[PDB]
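A.B. asks:
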Amino acid sequence: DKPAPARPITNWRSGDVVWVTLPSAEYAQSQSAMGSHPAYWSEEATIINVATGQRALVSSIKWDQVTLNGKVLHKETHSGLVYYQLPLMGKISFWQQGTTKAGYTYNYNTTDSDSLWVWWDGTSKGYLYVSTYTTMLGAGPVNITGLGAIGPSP
Amino acid sequence: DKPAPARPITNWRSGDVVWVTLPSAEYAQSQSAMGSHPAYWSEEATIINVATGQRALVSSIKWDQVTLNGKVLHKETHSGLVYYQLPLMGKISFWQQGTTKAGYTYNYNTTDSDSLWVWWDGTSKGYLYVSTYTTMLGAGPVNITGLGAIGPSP
Amino acid sequence: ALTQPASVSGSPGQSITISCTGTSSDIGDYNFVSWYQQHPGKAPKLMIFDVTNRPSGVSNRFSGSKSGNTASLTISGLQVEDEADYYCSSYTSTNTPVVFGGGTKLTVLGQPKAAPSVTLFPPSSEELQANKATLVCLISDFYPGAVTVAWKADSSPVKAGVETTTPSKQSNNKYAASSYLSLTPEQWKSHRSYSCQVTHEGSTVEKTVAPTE
Amino acid sequence: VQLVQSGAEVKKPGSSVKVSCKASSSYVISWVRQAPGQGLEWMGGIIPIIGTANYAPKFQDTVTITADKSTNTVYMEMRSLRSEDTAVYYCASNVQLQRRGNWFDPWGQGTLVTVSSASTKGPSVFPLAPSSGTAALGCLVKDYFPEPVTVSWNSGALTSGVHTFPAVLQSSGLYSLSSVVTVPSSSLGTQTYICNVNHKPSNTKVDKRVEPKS
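Quick note, the sequences are listed as chains B, A, L and H, same order. Using PDB author numbering, the letters of the first sequence map in sequence onto residues 454 to 607. Using PDB author numbering, the letters of the second sequence map in sequence onto residues 454 to 607. Using PDB author numbering, the letters of the third sequence map in sequence onto residues 3 to 215. Using PDB author numbering, the letters of the fourth sequence map in sequence onto residues 2 to 25, 30 to 137, 143 to 224.
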């Protein structure tokens, strides 16, 4: 089967709309980006580039080659793991699935632009993290769907 | 010229990604605010349904027929003037154009889901409003670009 | 104003919670409750903000909370330098824009109190012709900070402009209170007398004087 | 951002006075008065970058807050003053190194708005009679302006008992502090008890005797 071919998910351009799905996500305190910092994370996760319509699981993405305008992601090390970074203009608009029960990022009242973090072991295992302030959506399992728009590389 | 035909902007489905562009936007606490309530607004504004790829100016729309799943838009409030309502799951992710200088809504730390408000005179004149907390982006003219994802009608 | 009490006291090795009940639509629906600390003779200092948050400088002792319609400040592991007024403030999204609390006086009871002994002060021959008859109930060395001097001379209450002073720092670090009650000048022989008694949970002193022995 | 405020403003009951509040983007300089004894009550809340001041529903008819956009300063004008308006006032922006929200921080030093009919008033020596086995004797001061007054016993070996009573908020603004010292009461003629009550802004030095009621 050869259907119509579009631009891949791994190739990102600053401005693309990103749709994240974090099926049955959990709350995490001292475990992501920096020490004593909150975020919701999911083992199984689907990332869609709403602009192209292309989508794939995080665990099924060769994060080694995930590029932004011909430049690989700014991988930054955390106190523990080493994480891949997808930056965004503005903040992350995430919510508890179906309901209008909205979420809010850690920098809920600053001009700081939030970013998406992905941990990858190197083969078939990838979690997705999204900034939060407290358990506004629950302890977990909590099905979340976030949305944002890619920013320029620093 | 007959190009490819897609689903129109006036037709919204619960879940569509909305991209609004607010050039020369200004801060307000008197247009859509009786006492003291904030939002950024712009005379000329463009609204894009990132899902379809269809886009049009607010002023060039017949807001009388703007539907959501076969149902015309709701109108909860009417402070100052008439206000058409486009609801969203989660919050509004808006930013000062080009820079990572992000913006935050009035309900910056609540599970409340934000909505887009549009004023329409009935013919060739429309403003678009987006919730804010303070002049985080400036006094105005401030070029903004927001993003969100439509929710179900109440 | 916000429904907030002032009587908060306990041991240093104990935790405390200050209630701050507002309207059902401006605590449970909107969450922006901020807490301050007013040390004697000083400008307020930010302690808590947006229900649960501390600035970079406030010790981890403070912990904000929201229990439905009642917000509370939790100070676990009390310190000796915390004798100050504590307030809560939500920007109520109604007709009233900003609402402040009542002000909780935090007296962490730890220092031992002295045995009270009260007696009225009669004016001498030098102050009888000068018309400055003043009876001052000087009560020093006392804790906690909650003193209002009452004058019930054998069951006779009268108050419509009584001068009262609140305690401050002294040479022996012990509080001292007073209550300059107004006396009738042309009615001393016809009237009975004046009394002095204060409520302090243990203090039991009565002071009924006699003009004619 | 750091906030600097204006000094003391003593005025008559029925006048206007501007209080300057200087600062070091998006600062929202509000104003919260402090009634002595009672809790704080907010009043103003201008946004200097917009210039519109939306005041509390109880005030607004006496408070006129403006925005000096040239040097980033906010003025507070409390017209129609009185003894009830005699309070410490503070200017307060909202800041948190990067955050902005529904709170106050930092705060000003506090403009002393003393409103009462007075200019340079001083008191004489009115002592508290040790009418007689313990004597917690001392010396009471009644009215004067402005505060404070230096009151101590023997001017040397009896100054280990200096107390200052705070601002007596009543119908008038003539301050009243007391200073007592518990010392042996078996010396009323040999070590003649003459306590000192002195006021500096009104000049002169007075010293009166302390004897039990007679």
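Virtual Cβ for every residue (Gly too), placed ideally from N, Cα, C.
Using the three-state DSSP reduction, which class does residue 217 (chain H) fall into: helix, strand or coil?
C.D. replies: Residue state, collapsed to three classes: strand.
A.B. asks: Starting from residue 573 (chain A), trace the beta strand (DSSP E) both ways and give me its first and last residue.
C.D. replies: Counting along the chain, the beta strand (DSSP E) containing residue 573 (chain A) begins and ends at 568-573.
A.B. asks: For residue 201 (chain H) and residue 124 (chain L), what's the separation of their Cα atoms in angstroms?
C.D. replies: Near 22 Å, if we compare the C-alpha coordinates of residue 124 (chain L) and residue 201 (chain H).
A.B. asks: Whole angstroms are fine: how far does the CA of residue 546 (chain A) sit from the CA of residue 604 (chain B)?
C.D. replies: Rounded to the nearest angstrom, the two C-alpha atoms are 13 Å apart.
A.B. asks: Taking the beta carbon of residue 111 (chain L) as the centre, do at least 16 other beta carbons fall within 10 Å, making it buried, or is it exposed?
C.D. replies: The residue is exposed, with fewer than 16 neighbouring Cβ atoms inside 10 Å.
A.B. asks: Beta carbon of residue 210 (chain L), beta carbon of residue 192 (chain L): below 8 Å?
C.D. replies: No, Cβ-Cβ distance for residue 210 (chain L) and residue 192 (chain L) is not below 8 Å.
A.B. asks: Does the CB of residue 485 (chain A) have a neighbour CB from chain L at under 8 Å?
C.D. replies: No, because no Cβ of chain L sits closer than 8 Å to the Cβ of residue 485 (chain A).
A.B. asks: Tell me, to the nearest whole angstrom, how far the beta carbon of residue 505 (chain B) is from that of residue 474 (chain B); I am working on the premise that it is less than 8 Å.
C.D. replies: About 16 Å; that fails the 8 Å criterion.
A.B. asks: What does DSSP give as the partner residue(s) for residue 46 (chain H) in the beta ladder?
C.D. replies: DSSP, once it has assigned bridges, lists H:38 as partnering residue 46 (chain H).
A.B. asks: Taking 8 Å as the limit between beta carbons, can you name the residues of its chain near residue 577 (chain A), skipping five residues before and five after?
C.D. replies: Closer than 8 Å at the Cβ level, and outside the excluded window around residue 577 (chain A), lie 512 and 513.
A.B. asks: So if DSSP puts residue 507 (chain B) in a beta bridge, which residue, or which two residues, is it bridged to?
C.D. replies: The partner list for residue 507 (chain B) (beta bridge, DSSP) reads B:502.
A.B. asks: Does the beta carbon of residue 34 (chain H) sit closer than 8 Å to a beta carbon anywhere in chain A?
C.D. replies: Closer than 8 Å: no.
A.B. asks: Between residue 532 (chain B) and the rest of its own chain, which residues show a CB-CB distance below 6 Å, the 5 nearest in sequence each way excluded?
C.D. replies: Excluding sequence neighbours, residue 532 (chain B) sits near 488.
A.B. asks: Could you spell out where the beta strand (DSSP E) holding residue 77 (chain L) opens and where it closes?
C.D. replies: Start and end: 72-77.
A.B. asks: Considering only the alpha carbon of each residue, which of L:105, L:15, L:176 and L:45 lies closest to residue 7 (chain L)?
C.D. replies: Closest option to residue 7 (chain L), Cα to Cα, is L:105.
A.B. asks: Determine, for residue 71 (chain L), whether the minimum Cβ-Cβ distance to residues of chain A falls below 8 Å.
C.D. replies: Chain A contact via Cβ: absent.
A.B. asks: Reducing DSSP to helix, strand and coil, say where residue 92 (chain L) ends up.
C.D. replies: Strand.
A.B. asks: To the nearest angstrom, how far is it from the Cα of residue 614 (chain A) to the Cα of residue 4 (chain L)?
C.D. replies: With chain A running from 454 to 607 in the structure shown, residue 614 (chain A) is simply not present.
A.B. asks: Would you kindly report the start and end of the unbroken beta strand (DSSP E) that includes residue 26 (chain H)?
C.D. replies: The model contains no atoms for residue 26 (chain H), which sits in the stretch where chain H goes from 25 to 30 directly.
A.B. asks: Return the Cβ separation of residue 78 (chain H) and residue 19 (chain H) in integer angstroms, given the expectation that the two are a contact with Cβ distance under 8 Å.
C.D. replies: Their Cβ separation, rounded to whole angstroms, is 10 Å, which puts residue 78 (chain H) and residue 19 (chain H) out of contact at 8 Å.
A.B. asks: Please confirm if residue 499 (chain A) has its CB atom under 8 Å from at least one CB of chain B.
C.D. replies: No, no contact with chain B.
A.B. asks: Does any residue of chain H have a CB that is nearer than 8 Å to the CB of residue 542 (chain A)?
C.D. replies: Closer than 8 Å: no.
A.B. asks: Let me know if residue 590 (chain B) comes out buried or exposed under the rule of 16 or more other beta-carbons within 10 Å of its beta-carbon.
C.D. replies: Per the 10 Å Cβ criterion, buried.
A.B. asks: Measuring straight from C-alpha to C-alpha, what distance separates residue 210 (chain H) and residue 117 (chain L)?
C.D. replies: Going from the Cα of residue 210 (chain H) to the Cα of residue 117 (chain L) covers about 38 Å.
A.B. asks: Could you tell me which of H:48, H:223, H:17 and H:119 sits nearest to residue 156 (chain H), measuring between CA atoms?
C.D. replies: Considering only alpha carbons, the answer is H:119.
A.B. asks: Is the region 170-185 of chain L in contact with the region 169-184 of chain H, if contact means three or more CB pairs nearer than 8 Å?
C.D. replies: Yes: the two stretches touch, three or more of their Cβ pairs being nearer than 8 Å.
A.B. asks: Are three or more beta carbon pairs between the region 77-97 of chain L and the region 191-201 of chain H nearer than 8 Å?
C.D. replies: Contact fails: fewer than three Cβ-Cβ distances are below 8 Å.
A.B. asks: Going by C-alpha to C-alpha distance, which of L:194, L:200 and L:201 sits closest to residue 215 (chain L)?
C.D. replies: Of L:194, L:200 and L:201, the residue nearest in Cα terms is L:194.
A.B. asks: Starting from residue 490 (chain B), follow its DSSP beta bridges and name the residues at the other end.
C.D. replies: B:483, per the DSSP bridge assignment.
A.B. asks: Taking residue 563 (chain B) as the query, report the chain H residues whose CB atoms sit under 7 Å from its CB, ordered along the chain.
C.D. replies: Here the neighbours are 103 and 104.
A.B. asks: Compute the Euclidean distance between the alpha carbons of residue 59 (chain H) and residue 463 (chain A), then round it to the nearest angstrom.
C.D. replies: The alpha-carbon atoms of residue 59 (chain H) and residue 463 (chain A) are separated by roughly 38 Å.
A.B. asks: Compile a chain-ordered list of the residues in the region 92-120 of chain L whose CB is closer than 7 Å to at least one CB of chain A.
C.D. replies: Here the close residues are 99.
A.B. asks: Measure from the C-beta of residue 203 (chain H) to each C-beta in chain L and report whether the shortest distance is under 8 Å.
C.D. replies: So no, residue 203 (chain H) is outside the interface.
A.B. asks: Run through chain L and tell me which residues come within less than 8 Å of residue 126 (chain H), C-beta to C-beta.
C.D. replies: The contacting residues do not exist; residue 126 (chain H) stays about 16 Å from chain L at best.
A.B. asks: By the criterion of Cβ-Cβ separation under 8 Å, what are the contact partners of residue 123 (chain H) in chain L?
C.D. replies: What residue 123 (chain H) touches in chain L: nothing, since even the nearest Cβ is about 17 Å away.
A.B. asks: Can you tell me whether residue 146 (chain L) is buried or exposed, with buried defined as 16 or more other CB within 10 angstroms of its CB?
C.D. replies: It counts as buried.
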